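Note sheet for the following structure.
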Amino acid sequence: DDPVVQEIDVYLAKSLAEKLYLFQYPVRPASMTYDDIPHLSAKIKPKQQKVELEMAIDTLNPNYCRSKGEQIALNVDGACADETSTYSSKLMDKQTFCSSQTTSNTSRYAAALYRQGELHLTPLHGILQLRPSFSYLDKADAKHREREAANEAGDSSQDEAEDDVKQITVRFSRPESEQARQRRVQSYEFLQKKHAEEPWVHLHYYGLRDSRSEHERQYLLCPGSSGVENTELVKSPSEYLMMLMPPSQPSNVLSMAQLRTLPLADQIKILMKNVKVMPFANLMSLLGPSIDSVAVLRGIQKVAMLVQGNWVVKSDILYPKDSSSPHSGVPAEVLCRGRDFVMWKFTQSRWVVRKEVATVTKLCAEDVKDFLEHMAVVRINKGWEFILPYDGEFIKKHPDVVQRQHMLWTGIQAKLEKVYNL
Amino acid sequence: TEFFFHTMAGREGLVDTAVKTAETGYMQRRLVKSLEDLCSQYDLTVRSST
Amino acid sequence: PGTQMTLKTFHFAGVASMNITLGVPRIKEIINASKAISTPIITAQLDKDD
Amino acid sequence: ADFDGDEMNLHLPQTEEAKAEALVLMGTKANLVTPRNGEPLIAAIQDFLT
Amino acid sequence: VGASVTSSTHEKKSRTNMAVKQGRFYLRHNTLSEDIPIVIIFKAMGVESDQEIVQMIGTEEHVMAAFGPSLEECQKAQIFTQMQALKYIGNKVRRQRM
Amino acid sequence: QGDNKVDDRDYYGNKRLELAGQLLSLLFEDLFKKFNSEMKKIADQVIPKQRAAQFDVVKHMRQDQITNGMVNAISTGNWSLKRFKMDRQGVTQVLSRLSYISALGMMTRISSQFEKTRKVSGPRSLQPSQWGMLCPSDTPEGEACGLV
DNA sequence: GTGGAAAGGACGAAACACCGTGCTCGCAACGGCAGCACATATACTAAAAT
DNA sequence: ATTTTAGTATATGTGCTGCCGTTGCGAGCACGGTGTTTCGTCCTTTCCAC
RNA sequence: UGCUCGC
Ligand SMILES: Nc1nc2c(ncn2[C@@H]2O[C@H](COP(=O)(O)OP(=O)(O)OP(=O)(O)O)[C@@H](O)[C@H]2O)c(=O)[nH]1
Ligand SMILES: Nc1ncnc2c1ncn2[C@@H]1O[C@H](COP(=O)(O)OP(=O)(O)OP(=O)(O)O)C[C@H]1O
Ligand SMILES: [Mg+2]
């Protein structure tokens with residue numbers, strides 16, 4: 001699936017980055033538009049964007065009830081007050097559309113203008129949903145309340161001058177508890193008052209049919225060459241994945257990745273502690289081909305010994321100086337001596353008798369069994385055999401390491417003959 | 001799957017018996033408390049306590 | 001027999017439908033003499049049954 | 001009973017009249033059949049039928 | 001066949017239910033004296049146009065046929081703005097014992 | 001309201017398991033809130049009228065409150081959280097030392113919210129959702145069949 | 001090594017009412033036969049128009 | 001004076017908030033019992049001075 | 001009072 005056709009370019013424009021708004025009418029289908037509806041004004045605020053459109057609707061059309069219009073006009077306003085009237089005439093002529101804010105940040109939204117072979121993107125400063133507001137009914141209810149108050153006052157034809165002098169009811173500015181102060185701050189009335197504190201800005205309306213629309217429509221484009229290598233947007237896929245997914249911040253506890261994050265010496269030590277028997281090629285494969293063989297060899301020479309061409313972890317590594325036998329409680333030095341004797345017997349001969357080791361080392365059956373299971377398997381009619389076969393390739397490749405391990409085993413054999421009186 | 005279905009059937013039977021025990025206990029209590037008054041007289045007529 | 005009754009199912013009485021309460025719930029509804037019972041059944045005979 | 005750990009009670013009457021009434025009315029030989037339908041309950045069981 | 005939702009936060013757990021007892025949906029909560037129609041709550045929560053409410057409920061013919069009685073019951077009353085619906089709800093609110 | 005696609009309560013995909021950690025967290029939160037309220041009350045009662053000897057909480061920080069609360073809640077097994085209005089019973093049970101298998105099986109027990117007192121026979125059934133999660137055969141034979 | 005006075009810590013003790021402040025929840029566990037409020041339907045009866 | 005409409009008057013008939021039930025007998029065990037919140041009497045122990 | 005059991 002190759003990109004056969006339609007290799008469209010993408011351009012970016014910053015001319016209307018702060019002046020582009022998206023108005024969507026959730027109650028008006030796309031078929032009917034407001035192009036023919038003459039608009040009158042638009043109130044708006046720069047901060048805390050909430051636009052209120054004030055448009056005009058016809059009356060002589062058959063789809064308008066003049067009687068109900070007169071009724072609603074008499075209900076919302078007074079008889080002939082006209083000082084603050086929601087409608088200039090005696091009919092419902094103006095309609096109010098109020099905007100609700102969809103989201104706070106609109107950086108991820110963009111308007112795309114498509115031309116032949118190009119697509120121009122322009123960021124959106126804000127997105128608002130315009131719905132028909134019902135605000136004249138609130139003023140109608142307030143006027144009905146004041147008319148009820150007037151009717152209450154008019155119970156008598158002539159009202160005597162009431163001695164309703166306003167006694168000084170200056171209330172204490174009580175120190176408000178922090179909880180009650182937070183409740184007042186989080187109250188809806190406080191938020192509405194804070195929103196109303198910002199002054200309104202009046203704007204005129206220019207329809208799509210206006211020449212100014214087609215005049216300013218060209219600002220969504222940008223002057224630039226067809227082929228230009230962008231200086232930015234050059235990060236690798238790994239860097240992009242790290243950007244869009246930022247991080248939050250037994251002895252086999254550490255995993256393979258946590259192992260590879262550790263230095264090479266720690267990796268070799270942990271691997272020899274976990275497996276305790278492994279060839280050199282397997283260690284090179286596990287650590288990785290990007291690591292030099294000499295460094296791995298130097299690291300394994302400090303935590304392992306050579307037995308029949310294979311590598312067996314040292315006794316002190318498995319048993320620290322403060323550890324003890326989980327089965328008998330003997331000190332770790334005796335366990336190290338016994339394991340060294342077992343490894344020496346394995347270097348001398350491939351077959352090791354469990355009873356002979358138990359007699360020489362004077363240890364219990366479970367400790368000898370644990371020592372043998374770490375590096376041997378049970379072969380019927382033959383005793384215990386080393387789990388890995390004789391690896392002569394590593395011996396032929398590194399004779400100096402073989403000689404070093406041979407003299408080390410000679411020293412260990414001298415120590416064992418001194419201790420156990422072999 | 002067959003073992004799970006068999007265990008489902010067994011548990012259904014167990015809960016059925018568990019409900020049946022208490023339900024029939026209450027029914028037996030009511031029936032005996034209502035019917036304990038009748039007795040066969042010597043004139044071959046079954047009469048109540050009154 | 002209430003304890004002996006298993007409260008079985010699938011006993012549609014030959015019509016393979018019209019789930020009717022039978023068993024301990026049925027005996028309870030009978031002995032309670034309730035005016036309104038669950039799943040009432042009325043059997044009507046026809047003059048021309050053929 | 002099924003002899004799988006069931007505990008049973010054993011009462012001793014303290015009156016000659018009660019003892020005689022128990023032996024006569026509640027005698028095992030005199031209650032070989034249930035009053036429900038007259039069927040004999042005290043009969044052969046497993047390892048006796050086989 | 002009604003609905004129930006036990007909204008539980010770190011502070012309060014409130015189980016609010018919705019019923020169709022009379023072909024129309026009533027919302028029941030422990031903080032309300034009487035269950036109120038769902039359309040009144042819709043009008044109280046900001047959305048006042050009935051067309052938007054119907055679009056939010058669904059555009060299927062059977063959905064509108066089922067939701068018709070609720071719209072009719074809402075239009076029977078004079079609740080058409082957010083303030084009127086909030087006042088109607090507050091009338092159904094009882095103080096937590098002074 | 002059309003096709004009877006009524007959701008079932010016994011579906012374990014809608015079930016949640018609270019371990020000892022969450023219960024102990026709620027209990028410690030309640031006890032700490034009670035301790036803070038008691039300390040605030042002691043402060044309000046002592047500081048404004050006692051003497052020029054300044055009041056300090058150290059002379060009134062009772063250490064037996066949280067200890068006694070934890071001990072009682074763990075021993076008696078009844079948990080009464082007024083801040084959450086939760087009144088639970090039988091949360092803690094005496095570990096059965098009849099055998100090793102007894103304790104090992106009782107350690108992995110799970111009780112139901114139904115808190116058996118009546119014949120529900122709706123959660124007592126073996127739902128197919130228990131596959132791989134809960135043992136189908138292991139259940140106490142008796143009145144607690146299906147809810148433990 | 002000693003003492004006369006000072007504080008404080010512990011154990012009775014009396015006013016008030018199991019929770020420091022006055023708040024505050026959820027859930028019904030499922031039928032099922034009494035009911036009591038309302039509501040309201042209809043007809044009987046009597047006042048009014050022709 | 002008589003037929004038609006208005007009221008009232010009770011009865012009846014469909015709800016909706018109450019109270020009442022939910023097998024049996026057996027055997028163990030753990031825990032906690034009403035208390036507690038502040039006031040005051042008593043006793044003792046130890047900050048400096050001798 | 002709670003709970004685990006025994007049929
Ligand atoms: N929390 C708790 N309540 C108990 C205990 N024993 C009895 N009760 C309560 O006391 C009621 C039963 O009392 P009984 O068990 O007859 O008391 P009792 O055995 O006669 O008491 P004694 O005469 O001292 O043997 C129950 O309603 C329980 O609420 C117990 O060990 N712990
Ligand atoms: N709640 C109880 N009420 C009355 N009797 C009980 C109760 N629990 C146990 N029993 C006694 O135990 C007996 C129940 O055994 P039953 O149900 O017939 O065999 P079972 O327990 O199913 O054995 P299988 O599972 O068939 O091997 C009958 C009854 O006398
Ligand atoms: Mg048995």
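Ligands are numbered from 1 in the order shown, chains are lettered A, B, ... in the order of the structure tokens, and residues start at 1 in each chain.
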Ligand 3 neighbours within 8 Å using only C-alpha atoms (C1' of nucleotides) and all ligand atoms, as a PDB file with N, CA and C atoms (P, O5', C5', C4', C3', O3' and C1' of nucleotides), in the first residue's frame:
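Dumped everything to selection_27.pdb:
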```pdb
ATOM      1  N   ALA D   1     -31.837 -41.347  59.072  1.00  0.00           N
ATOM      2  CA  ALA D   1     -30.440 -41.295  59.471  1.00  0.00           C
ATOM      3  C   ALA D   1     -29.558 -41.965  58.424  1.00  0.00           C
ATOM      4  N   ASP D   2     -28.274 -41.600  58.438  1.00  0.00           N
ATOM      5  CA  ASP D   2     -27.319 -42.162  57.490  1.00  0.00           C
ATOM      6  C   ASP D   2     -25.986 -42.529  58.136  1.00  0.00           C
ATOM      7  N   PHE D   3     -25.871 -42.442  59.464  1.00  0.00           N
ATOM      8  CA  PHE D   3     -24.689 -42.907  60.198  1.00  0.00           C
ATOM      9  C   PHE D   3     -23.412 -42.215  59.725  1.00  0.00           C
ATOM     10  N   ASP D   4     -23.511 -40.922  59.425  1.00  0.00           N
ATOM     11  CA  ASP D   4     -22.366 -40.109  59.031  1.00  0.00           C
ATOM     12  C   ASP D   4     -22.107 -38.991  60.036  1.00  0.00           C
ATOM     13  N   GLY D   5     -22.278 -39.289  61.320  1.00  0.00           N
ATOM     14  CA  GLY D   5     -22.092 -38.311  62.368  1.00  0.00           C
ATOM     15  C   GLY D   5     -23.359 -37.729  62.953  1.00  0.00           C
ATOM     16  N   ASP D   6     -24.522 -38.297  62.643  1.00  0.00           N
ATOM     17  CA  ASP D   6     -25.769 -37.780  63.186  1.00  0.00           C
ATOM     18  C   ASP D   6     -25.849 -38.032  64.684  1.00  0.00           C
TER      19      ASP D   6
ATOM     20  P     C I   7     -21.456 -33.051  58.765  1.00  0.00           P
ATOM     21  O5'   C I   7     -22.701 -34.045  58.789  1.00  0.00           O
ATOM     22  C5'   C I   7     -23.520 -34.176  59.966  1.00  0.00           C
ATOM     23  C4'   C I   7     -24.928 -34.565  59.581  1.00  0.00           C
ATOM     24  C3'   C I   7     -25.391 -34.081  58.213  1.00  0.00           C
ATOM     25  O3'   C I   7     -25.118 -35.059  57.216  1.00  0.00           O
ATOM     26  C1'   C I   7     -26.949 -33.402  59.854  1.00  0.00           C
TER      27        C I   7
END
```
Counting only C-alpha atoms (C1' of nucleotides) and all ligand atoms, what are the residues, protein, DNA or RNA alike, that approach ligand 1 to within 8 Å? I want them as a PDB file with N, CA, C and O atoms (P, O5', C5', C4', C3', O3' and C1' of nucleotides), in the first residue's frame.
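For reference, out_37.pdb as written:
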```
ATOM      1  P    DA H  30     -10.961 -18.948  72.083  1.00  0.00           P
ATOM      2  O5'  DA H  30     -11.587 -17.504  71.770  1.00  0.00           O
ATOM      3  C5'  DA H  30     -11.263 -16.839  70.551  1.00  0.00           C
ATOM      4  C4'  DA H  30     -11.680 -15.373  70.583  1.00  0.00           C
ATOM      5  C3'  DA H  30     -11.355 -14.615  71.869  1.00  0.00           C
ATOM      6  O3'  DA H  30     -10.997 -13.275  71.546  1.00  0.00           O
ATOM      7  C1'  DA H  30     -13.691 -14.593  71.510  1.00  0.00           C
ATOM      8  P    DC H  31     -10.501 -12.153  72.502  1.00  0.00           P
ATOM      9  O5'  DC H  31     -11.930 -11.542  72.705  1.00  0.00           O
ATOM     10  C5'  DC H  31     -12.712 -11.191  71.572  1.00  0.00           C
ATOM     11  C4'  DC H  31     -13.682 -10.126  71.995  1.00  0.00           C
ATOM     12  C3'  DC H  31     -13.220  -9.339  73.212  1.00  0.00           C
ATOM     13  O3'  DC H  31     -13.781  -8.050  73.124  1.00  0.00           O
ATOM     14  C1'  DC H  31     -15.145 -10.376  73.720  1.00  0.00           C
ATOM     15  P    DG H  32     -13.055  -6.853  73.810  1.00  0.00           P
ATOM     16  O5'  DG H  32     -14.212  -6.146  74.631  1.00  0.00           O
ATOM     17  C5'  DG H  32     -15.415  -5.702  73.977  1.00  0.00           C
ATOM     18  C4'  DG H  32     -16.511  -5.542  74.996  1.00  0.00           C
ATOM     19  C3'  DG H  32     -15.955  -5.228  76.391  1.00  0.00           C
ATOM     20  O3'  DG H  32     -16.755  -4.435  77.333  1.00  0.00           O
ATOM     21  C1'  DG H  32     -17.190  -7.027  76.507  1.00  0.00           C
ATOM     22  P    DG H  33     -17.630  -3.208  76.812  1.00  0.00           P
ATOM     23  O5'  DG H  33     -18.059  -2.309  78.065  1.00  0.00           O
ATOM     24  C5'  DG H  33     -18.157  -2.890  79.372  1.00  0.00           C
ATOM     25  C4'  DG H  33     -19.355  -3.821  79.468  1.00  0.00           C
ATOM     26  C3'  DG H  33     -20.085  -3.810  80.825  1.00  0.00           C
ATOM     27  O3'  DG H  33     -21.443  -3.419  80.637  1.00  0.00           O
ATOM     28  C1'  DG H  33     -19.732  -6.033  80.045  1.00  0.00           C
TER      29       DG H  33
ATOM     30  P     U I   1     -29.027 -11.848  72.453  1.00  0.00           P
ATOM     31  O5'   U I   1     -28.216 -11.774  71.084  1.00  0.00           O
ATOM     32  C5'   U I   1     -27.645 -10.565  70.509  1.00  0.00           C
ATOM     33  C4'   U I   1     -26.205 -10.335  70.937  1.00  0.00           C
ATOM     34  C3'   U I   1     -25.096 -10.362  69.888  1.00  0.00           C
ATOM     35  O3'   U I   1     -24.871  -9.262  68.965  1.00  0.00           O
ATOM     36  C1'   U I   1     -24.425 -11.370  71.963  1.00  0.00           C
ATOM     37  P     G I   2     -25.493  -9.443  67.521  1.00  0.00           P
ATOM     38  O5'   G I   2     -25.538 -11.031  67.643  1.00  0.00           O
ATOM     39  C5'   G I   2     -24.924 -11.868  66.644  1.00  0.00           C
ATOM     40  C4'   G I   2     -23.450 -11.557  66.539  1.00  0.00           C
ATOM     41  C3'   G I   2     -22.620 -12.569  65.758  1.00  0.00           C
ATOM     42  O3'   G I   2     -22.521 -12.196  64.389  1.00  0.00           O
ATOM     43  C1'   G I   2     -21.685 -12.286  67.905  1.00  0.00           C
TER      44        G I   2
END
```
Checklist entry - Taking only C-alpha atoms (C1' of nucleotides) and all ligand atoms into account, which residues are within 12 Å of ligand 2, as an MDAnalysis selection string? => result (chainID B and resid 10:11 13:26) or (chainID C and resid 3:4 6) or (chainID D and resid 1:8) or (chainID F and resid 140:145) or (chainID H and resid 23:26) or (chainID I and resid 6:7)
Fewer than 4 positions away in the same chain doesn't count, so skip those; otherwise give me all residues within 10 Å of range 25-34 of chain G, counting only C-alpha atoms (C1' of nucleotides), as a compact mmCIF listing (two decimals) with N, CA, C and O atoms (P, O5', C5', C4', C3', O3' and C1' of nucleotides), in the first residue's frame.
```
# COMPACT_ATOMS: atom_id res chain seq x y z
N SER C 34 -55.58 -17.14 49.46
CA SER C 34 -55.48 -15.77 48.98
C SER C 34 -56.49 -15.51 47.87
O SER C 34 -56.77 -16.39 47.05
N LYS E 12 -18.98 11.42 50.12
CA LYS E 12 -20.40 11.08 50.19
C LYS E 12 -20.74 9.99 49.19
O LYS E 12 -20.18 9.92 48.10
N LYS E 13 -21.67 9.12 49.59
CA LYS E 13 -22.23 8.09 48.72
C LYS E 13 -23.72 8.33 48.60
O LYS E 13 -24.43 8.35 49.61
N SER E 14 -24.20 8.50 47.37
CA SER E 14 -25.61 8.83 47.13
C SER E 14 -26.15 7.93 46.03
O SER E 14 -25.60 7.91 44.93
N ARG E 15 -27.21 7.18 46.34
CA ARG E 15 -27.86 6.31 45.37
C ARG E 15 -29.10 7.01 44.83
O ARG E 15 -30.10 7.14 45.54
N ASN E 30 -32.66 10.80 47.94
CA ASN E 30 -32.98 10.93 49.36
C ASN E 30 -33.08 12.38 49.81
O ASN E 30 -33.65 12.64 50.87
N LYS F 82 -18.92 6.39 61.68
CA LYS F 82 -19.96 7.41 61.57
C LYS F 82 -19.65 8.40 60.45
O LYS F 82 -20.58 8.95 59.85
N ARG F 83 -18.37 8.63 60.17
CA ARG F 83 -18.01 9.53 59.07
C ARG F 83 -18.45 8.97 57.73
O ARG F 83 -18.74 9.74 56.80
N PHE F 84 -18.50 7.65 57.60
CA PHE F 84 -19.00 7.00 56.40
C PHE F 84 -20.33 6.29 56.62
O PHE F 84 -20.91 5.77 55.66
N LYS F 85 -20.82 6.26 57.86
CA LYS F 85 -22.09 5.62 58.21
C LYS F 85 -22.08 4.14 57.81
O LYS F 85 -23.07 3.61 57.29
N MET F 86 -20.96 3.47 58.06
CA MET F 86 -20.80 2.06 57.75
C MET F 86 -20.86 1.26 59.05
O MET F 86 -20.03 1.46 59.94
N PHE F 114 -24.11 -9.75 51.09
CA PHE F 114 -25.47 -10.13 51.44
C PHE F 114 -25.60 -10.45 52.93
O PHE F 114 -26.67 -10.28 53.51
N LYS F 116 -25.57 -13.22 55.07
CA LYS F 116 -26.71 -14.14 55.06
C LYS F 116 -27.56 -14.10 56.33
O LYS F 116 -27.06 -14.33 57.44
N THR F 117 -28.83 -13.76 56.16
CA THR F 117 -29.83 -13.89 57.21
C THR F 117 -31.11 -14.50 56.63
O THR F 117 -31.97 -14.97 57.37
N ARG F 118 -31.23 -14.50 55.30
CA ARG F 118 -32.43 -14.97 54.63
C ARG F 118 -32.07 -15.78 53.39
O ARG F 118 -30.92 -15.79 52.94
N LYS F 119 -33.07 -16.48 52.85
CA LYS F 119 -32.90 -17.32 51.66
C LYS F 119 -33.01 -16.45 50.41
O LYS F 119 -34.07 -16.30 49.80
N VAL F 120 -31.88 -15.86 50.02
CA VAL F 120 -31.85 -15.05 48.80
C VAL F 120 -31.89 -15.94 47.57
O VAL F 120 -32.72 -15.76 46.67
P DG H 18 -45.10 5.25 57.23
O5' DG H 18 -45.76 4.17 58.20
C5' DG H 18 -46.56 3.13 57.65
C4' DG H 18 -47.27 2.36 58.76
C3' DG H 18 -46.36 1.50 59.62
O3' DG H 18 -46.93 1.35 60.92
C1' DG H 18 -47.81 0.11 58.40
P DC H 19 -46.09 0.60 62.08
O5' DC H 19 -46.49 -0.94 61.93
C5' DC H 19 -47.70 -1.42 62.52
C4' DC H 19 -47.77 -2.94 62.47
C3' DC H 19 -46.64 -3.67 63.20
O3' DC H 19 -47.16 -4.86 63.79
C1' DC H 19 -46.63 -4.28 60.92
P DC H 20 -46.31 -5.69 64.87
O5' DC H 20 -46.17 -7.14 64.20
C5' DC H 20 -47.33 -7.83 63.76
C4' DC H 20 -46.97 -8.82 62.66
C3' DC H 20 -45.77 -9.70 62.96
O3' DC H 20 -46.20 -11.01 63.32
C1' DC H 20 -45.82 -8.92 60.67
P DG H 21 -45.38 -11.86 64.40
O5' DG H 21 -45.17 -13.29 63.70
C5' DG H 21 -43.91 -13.63 63.15
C4' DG H 21 -44.05 -14.09 61.71
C3' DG H 21 -42.81 -14.73 61.13
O3' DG H 21 -42.80 -16.12 61.42
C1' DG H 21 -43.64 -13.09 59.62
P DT H 22 -41.53 -16.79 62.15
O5' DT H 22 -40.48 -17.02 60.96
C5' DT H 22 -40.72 -18.02 59.99
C4' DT H 22 -39.93 -17.76 58.72
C3' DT H 22 -38.42 -17.75 58.91
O3' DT H 22 -37.91 -19.08 58.80
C1' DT H 22 -39.11 -15.89 57.58
```
DSSP says helix (DSSP H, G or I) for which residues of chain C? Put them as an mmCIF file with N, CA and C atoms, in the first residue's frame?
```cif
data_model
loop_
_atom_site.group_PDB
_atom_site.id
_atom_site.type_symbol
_atom_site.label_atom_id
_atom_site.label_comp_id
_atom_site.auth_asym_id
_atom_site.auth_seq_id
_atom_site.Cartn_x
_atom_site.Cartn_y
_atom_site.Cartn_z
ATOM 1 N N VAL C 24 -44.198 -26.624 46.750
ATOM 2 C CA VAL C 24 -44.398 -25.944 48.033
ATOM 3 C C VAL C 24 -45.011 -24.561 47.859
ATOM 4 N N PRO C 25 -44.592 -23.725 46.897
ATOM 5 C CA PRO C 25 -45.322 -22.461 46.690
ATOM 6 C C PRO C 25 -46.790 -22.666 46.353
ATOM 7 N N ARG C 26 -47.114 -23.688 45.563
ATOM 8 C CA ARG C 26 -48.510 -23.950 45.230
ATOM 9 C C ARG C 26 -49.298 -24.367 46.466
ATOM 10 N N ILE C 27 -48.724 -25.254 47.282
ATOM 11 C CA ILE C 27 -49.393 -25.675 48.511
ATOM 12 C C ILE C 27 -49.583 -24.486 49.444
ATOM 13 N N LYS C 28 -48.593 -23.591 49.501
ATOM 14 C CA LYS C 28 -48.710 -22.405 50.341
ATOM 15 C C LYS C 28 -49.824 -21.489 49.849
ATOM 16 N N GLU C 29 -49.898 -21.269 48.535
ATOM 17 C CA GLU C 29 -50.963 -20.436 47.983
ATOM 18 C C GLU C 29 -52.331 -21.065 48.219
ATOM 19 N N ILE C 30 -52.409 -22.396 48.178
ATOM 20 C CA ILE C 30 -53.680 -23.075 48.419
ATOM 21 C C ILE C 30 -54.100 -22.920 49.876
ATOM 22 N N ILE C 31 -53.178 -23.181 50.806
ATOM 23 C CA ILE C 31 -53.530 -23.145 52.221
ATOM 24 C C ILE C 31 -53.737 -21.723 52.724
ATOM 25 N N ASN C 32 -53.133 -20.725 52.073
ATOM 26 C CA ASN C 32 -53.341 -19.345 52.492
ATOM 27 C C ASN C 32 -54.701 -18.809 52.064
#
```
